[PDB]
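Each of two forms of one protein chain follows alone as structure tokens, named structure 1 and structure 2.
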Structure 1
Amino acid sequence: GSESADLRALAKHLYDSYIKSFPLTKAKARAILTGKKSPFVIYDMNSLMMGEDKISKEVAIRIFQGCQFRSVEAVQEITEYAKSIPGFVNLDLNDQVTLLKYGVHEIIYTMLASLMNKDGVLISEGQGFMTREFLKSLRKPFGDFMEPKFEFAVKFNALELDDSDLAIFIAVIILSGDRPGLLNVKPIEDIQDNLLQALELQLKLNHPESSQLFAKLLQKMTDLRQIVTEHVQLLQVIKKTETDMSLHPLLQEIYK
């Protein structure tokens, strides 16, 4: 459905569903970040130790393990959101699985930028703030999991998107007909075409002075694919440089 009212209705539906699925929105994160109960700041080992008390015995490994756990909850929220995208649950079930498998990390890093500024990232449901410099200080390769993600977040956040923009952007990401192993490509591309039309209209109305925002956002798609390629590389380094690390079933499947 392609008329203006249809696209506006889709935009509103997705925002509604996004607020329903994701407890910590960009609105709530930015209110936390700007101070409007201040989050506990983790900037070094001593503050990490206190933070673990105030908010796997090795440090870089412990941080990564809490990251895994949070990515599991994020995968759960994103799946609930995907089911709300019109047409998604009507697709071939194996294609639903593939779209989530290949889409969740791109969405995780998009939404992680909502929680980040140049100095650090909100953690634990907004109760903590881990500094960029602390994460930079971590031993190879763990030190390397977060830094270009901060590079990405700063430029992404300069686009000034709000939650209502992000709701549709994330849907566009999920409905990507180029995922490996998709059986029925066209039904997915049709849905994405309609989501793209809706995103275009949304940015034009919500950011009328932002020239080529639509194109600029689609370009971040590139940044996201690369980020996820880096993440997978870094998982492979971990396989080589660590001992037994338990992995959540969900993450095992997605990484396969």
Structure 2
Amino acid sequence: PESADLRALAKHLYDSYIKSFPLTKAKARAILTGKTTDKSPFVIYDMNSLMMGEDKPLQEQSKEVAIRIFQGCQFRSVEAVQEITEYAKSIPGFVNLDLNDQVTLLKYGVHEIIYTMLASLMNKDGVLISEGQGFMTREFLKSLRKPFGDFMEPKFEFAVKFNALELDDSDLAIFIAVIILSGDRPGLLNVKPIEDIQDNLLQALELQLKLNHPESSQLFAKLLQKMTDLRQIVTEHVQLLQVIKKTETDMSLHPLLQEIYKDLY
């Protein structure tokens, strides 16, 4: 009965996730594998293939190129933000929380979730861009001038490890709900009901991983460590902000590469 209720919670979350997120992990992987009906993504793997790509314009200045990238990617994240917000409303107990706390939890949580989404678009070789119609290689991105060449590499490093857990959508639904109901965000008024919902979600997650991945070893534990890696990845992004503001001049970047980065995070 306890276990039945943990299974029912997992199902509720999964159904709600499918309703809220059009871009699922299964859909990303079907594009990355080829199972998909339609023709494959165009591969950008060098400057020539970059120029030969145009599936997507004003003249950007030197010491602004990087900040304009971070700002632009954050603005294009809004539909994800809205999707996550919608999913969050379906998490039992969440809308009965203090409005102030709902907003806080999302303000911090969304960035961690956006990285989990980013991982679904990646493999060890590259990342899907331009609504899944393009594929930009990891090798190419790593080859670009300092500081840009170090922008994406750590997200690939995380994504290879995270994707090695082999989570599916039904697992990810509960994972993301666990990330959102973090009782340690700064400024929370009433933590008790938050940590209480998250404890229930943690139960549900444990059982889901046992049932969906009976073969695995410390999958629960390994997955919980990824919250740290996401945390860590989010806290860091600032360290990129301040390598920029004083870098060995200049920060020219080809306009198609600036366009591509605004699709990342």
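Along the sequence of structure 1, residues get numbers from 1 upward. So that the term is clear: the rigid core is the largest set of C-alpha atoms that superpose within 1.5 Å between two forms.
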property: Core-fitted Cα difference of 2 Å or more between structure 1 and structure 2, single residue among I188, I42, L199, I227; result: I42
property: Core-superposed comparison between structure 1 and structure 2, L99 Cα displacement 2 Å or beyond; result: no
property: Core-aligned C-alpha movement of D165 between structure 1 and structure 2 reaching 2 Å; result: no
property: Rigid core superposed: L135 CA moves 2 Å or more between structure 1 and structure 2; result: yes
property: Once the two forms are fitted on their core, CA shift of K83 between structure 1 and structure 2 in Å; result: 0.4
property: Inter-form CA displacement between structure 1 and structure 2 at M146 - rigid core frame, Å; result: 1.8
property: Rigid-core-superposed Cα shift at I63 between structure 1 and structure 2, Å; result: 6.2
